[PDB]
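Participant: Shown below is the structure under consideration.
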Amino acid sequence: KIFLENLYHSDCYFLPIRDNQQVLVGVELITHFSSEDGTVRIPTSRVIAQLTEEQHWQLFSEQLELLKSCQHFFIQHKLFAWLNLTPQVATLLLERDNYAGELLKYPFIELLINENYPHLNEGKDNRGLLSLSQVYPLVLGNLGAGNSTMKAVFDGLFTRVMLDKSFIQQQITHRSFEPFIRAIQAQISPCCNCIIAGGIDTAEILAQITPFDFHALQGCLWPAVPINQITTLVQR
């Protein structure tokens, strides 16, 4: 019941993911970590770098427990939740005879990775990712970040893919490149139905992105909310 809270305090937020009509369809679970005594906020990358494999599992478990605690809300409003997947947790899910089960029972919870995931360029040849994708919803959170190829996408590993804010904003800022978004979207859609656009941070960006008809959108227009205020995101 303590998980990682004896080492770092997790102050958790939900990033709203809304469809092209702004209806809430899911949330991404994020954490602002503080030191144990609360004196300083610690960058997530620095927290994650330190963790042993068991600590990686504890942090994952703490987040799972948080999401499980919201299960009635997620099911009732038909939403999904993104939970960060690290390779350390991947190994434990795949190689223990009793870790994979709890996650499985909550299918609204989806495993989120980024283009920096180890050996992502192997696509379906990444044994761990292939295996997890066989039973869990897998999401690539930052397609277009320029840190991997799309092999894993065309290999069919993902349930959803989100185009990174840097990619979306680059093509919208340099307006003549907007067709590049359309071409990328068209090519990916058969291999992954659900394409999401990040970086929707201004009214102008939303106006430009709406005609693309992405399944969902994420960005500063819909600020993070503390996890206990998730009810503020849906109809009263």
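Participant: Considering each residue of segment 136-155, count those that are exposed (fewer than 14 other Cβ atoms within 10 Å of the Cβ) and among the small types (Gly, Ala, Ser), and give that number.
Facilitator: 1
Participant: I'd like the residue in segment 5-62 that is loosely packed, with under 14 Cβ neighbours inside 10 Å and of a type in the set (A, V, I, L, M, F, W, C) and, out of all such residues, is nearest to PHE108 (Cα to Cα).
Facilitator: That would be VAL23.
Participant: Would you pick out the residues in segment 1-40 that are aliphatic (A, V, I, L, M) and within 18 Å of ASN228 (Cβ to Cβ)?
Facilitator: The answer is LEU15, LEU24, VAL27, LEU29, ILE30.
Participant: So, of the residues in segment 96-115 that are loosely packed, with under 15 Cβ neighbours inside 10 Å and touching a residue at least 24 places away in the same chain (Cβ under 8 Å), which turns out to be farthest from the chain's Cα centre (by Cα)?
Facilitator: Per the stated criteria, the residue is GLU102.
Participant: I've got another one for you. Just one of (1) closer than 22 Å to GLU62 by Cβ; (2) part of a helix (DSSP H, G or I); (3) among the small types (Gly, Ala, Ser) trips up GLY141, so point out which.
Facilitator: Result: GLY141 passes all but (2).
Participant: Further, regarding this structure: Is there a residue being farther than 22 Å from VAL23 by Cβ, among the small types (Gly, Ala, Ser), in contact with a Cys (Cβ under 6 Å, 6 or more places away or on another chain) and touching a residue at least 12 places away in the same chain (Cβ under 8 Å) anywhere in segment 160-171?
Facilitator: So far as segment 160-171 goes, no, none of its residues is farther than 22 Å from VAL23 by Cβ, among the small types (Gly, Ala, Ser), in contact with a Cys (Cβ under 6 Å, 6 or more places away or on another chain) and touching a residue at least 12 places away in the same chain (Cβ under 8 Å).
Participant: Could you tell me which residue of segment 116-135 is farthest from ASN84 (Cα to Cα), considering only residues that are surrounded by 15 or more Cβ atoms within 10 Å (Cβ to Cβ) and either of a type in the set (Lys, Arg) or touching a residue at least 40 places away in the same chain (Cβ under 8 Å) (or both)?
Facilitator: The selected residue is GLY128.
Participant: Out of the residues in segment 185-204 meeting the condition of being part of a loop (DSSP other than H, G, I, E, B) and within 20 Å of the chain's Cα centre (by Cα), tell me which one is farthest from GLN22 (Cα to Cα).
Facilitator: Residue satisfying both the conditions and the ranking: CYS191.
Participant: Now, a different point. Could you please let me know if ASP164 is among the charged types (D, E, K, R) and either surrounded by fewer than 17 Cβ atoms within 10 Å (Cβ to Cβ) or closer than 22 Å to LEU221 by Cβ (or both)?
Facilitator: yes
Participant: Here's another thing I want to ask about it. Working only within segment 33-81, note down all residues that are of a type in the set (S, T, N, Q), free of Cβ contacts under 8 Å to residues at least 12 places away in the same chain and within 19 Å of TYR13 (Cβ to Cβ).
Facilitator: Correct list: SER45, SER69.
Participant: So, one more: Could you please find all residues in segment 205-221 being in a helix (DSSP H, G or I) and free of Cβ contacts under 8 Å to residues at least 24 places away in the same chain?
Facilitator: Within segment 205-221, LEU206, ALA207, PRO211 qualify.
Participant: Given the condition surrounded by 13 or more Cβ atoms within 10 Å (Cβ to Cβ), in contact with a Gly (Cβ under 9 Å, 6 or more places away or on another chain) and β-branched (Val, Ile, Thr), answer yes or no: does some residue in segment 78-92 qualify?
Facilitator: Yes: segment 78-92 contains one or more residues that are surrounded by 13 or more Cβ atoms within 10 Å (Cβ to Cβ), in contact with a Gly (Cβ under 9 Å, 6 or more places away or on another chain) and β-branched (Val, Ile, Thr).
Neighbour counts run over all protein chains shown; Cβ positions are idealised from the backbone, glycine included. No lab work stands behind these numbers, since they all come straight from the coordinates.
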